[PDB]
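A single chain comes next, written as structure tokens; it is the form solved without this ligand.
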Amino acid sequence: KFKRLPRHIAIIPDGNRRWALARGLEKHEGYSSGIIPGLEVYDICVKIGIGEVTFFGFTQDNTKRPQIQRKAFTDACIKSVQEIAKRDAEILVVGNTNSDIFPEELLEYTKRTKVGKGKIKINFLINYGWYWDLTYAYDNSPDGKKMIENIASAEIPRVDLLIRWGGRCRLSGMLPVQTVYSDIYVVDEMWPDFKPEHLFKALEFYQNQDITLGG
């Protein structure tokens, strides 16, 4: 139980192909084991009263990978959205829907959708690209102020805390406008090895930040 909680947590559920290779599995076979961890993060966030969580699903650049991996991460993303849809969330999917790569299955979540009891915002980046996001604005806006509040991800507010699994300390183009001031916590374990303590340590790190220091 925390004095200070982030309003909005970003999750980069990385390490799936490494986890699978380490386990004696094929690379493409780790993604199926990323679905459960997502559901557990959702569970703990609801439980402590986190307002909003954004999951990084897959990028436009991720779809340049072997088809056996694209099929596998895409299916795992589809199923995570469908499963949170079975819970008590306000669900939103953001991504380039003007592409055959965007899964039909997720179109119905491209406007925020209340399921069960609601009262937690869950976002998924699906066929997302930072360049697509920033320039969604540049195309046919009156000015700079309008351009920025009309990025593709404009419905997603500033990220307070970004937690990335798989031990890499990088944003991989997740929400460059919303992450300018995000505190970044790296978990060395791969996403399918998610444990609650990963999120609890990320929340202790956020609480432990010195609020006198400014942006």
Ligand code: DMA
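The first residue of the shown sequence is 1; numbering continues from there.
Just so it is clear, the following notes concern the form deposited with this ligand bound, a form of the same protein that is not shown.
Q: Of 132, 73, 102, 109, which residue is found within 4.5 angstroms of this ligand in the deposited complex when only non-hydrogen atoms are counted?
A: Filtering the options by heavy-atom distance leaves 73.
Q: Although the partner isn't part of this model, could you tell me whether residue 17 comes within 4.5 Å of this ligand in the deposited complex, counting any heavy atom of the residue?
A: Close contact exists here: in the deposited complex, residue 17 approaches this ligand to within 4.5 Å, heavy atoms only.
Q: Quick one: is residue 58 in contact with this ligand in the deposited complex, heavy atoms, 4.5 Å cut-off?
A: Because a heavy atom of residue 58 falls inside 4.5 Å of this ligand in the deposited complex, the answer is yes.
Q: Please determine whether residue 170 contacts this ligand in the deposited complex, using a 4.5 Å cut-off between heavy atoms.
A: Residue 170 belongs to the contact set for this ligand.
Q: Is the gap between residue 62 and this ligand in the deposited complex 4.5 Å or less for some heavy atom pair?
A: Result yes; residue 62 sits at the interface with this ligand in the deposited complex.
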